[PDB]
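K.L.:
Encoded as structure tokens, here's the structure I'll be asking about.
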């Protein structure tokens, strides 16, 4: 997964939001404090994951 | 899921990163352009999802 330093993510926030949407690929934001670290993905991909999970549970 | 306007998310980025970590709960960032919309969650929770998916496929 693409990994992005916090400062770089903050400095280019809209670009990264467009990237995860346009690429259907998540990224990780890297902090010096690991308890701040996050994953960013499009709502479309998140919904894909959640719909797939519920469909798979039904099947 | 908690929904956060883009401007509010940008203005309080570190607070929201700490929130998704401390709460083990994702949030959605709401843009005027839906193709910019994202989900933010902790790396810990993402890893939980991915480990669970692979374990469930094995079982």
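Every read-out reported here was derived from the displayed coordinates using simple, explicitly stated rules and does not represent laboratory data. Neighbour counts run over all protein chains shown; Cβ positions are idealised from the backbone, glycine included.
K.L.:
Hey, can you tell me all the residues within the stretch B:23-43 that are out of contact with any helix residue (DSSP H, G or I) (no Cβ under 7 Å at 6 or more places or on another chain) and closer than 16 Å to residue A:29 by Cβ?
P.N.:
Once the filter is applied, which keeps residues that are out of contact with any helix residue (DSSP H, G or I) (no Cβ under 7 Å at 6 or more places or on another chain) and closer than 16 Å to residue A:29 by Cβ, the stretch B:23-43 yields only B:43.
K.L.:
Can you tell which of A:4, A:20, A:39 is touching a strand residue (DSSP E or B) at 6+ places or on another chain (Cβ under 6 Å) and surrounded by fewer than 20 Cβ atoms within 10 Å (Cβ to Cβ)?
P.N.:
Being touching a strand residue (DSSP E or B) at 6+ places or on another chain (Cβ under 6 Å) and surrounded by fewer than 20 Cβ atoms within 10 Å (Cβ to Cβ) holds for just one of A:4, A:20, A:39, which is A:4.
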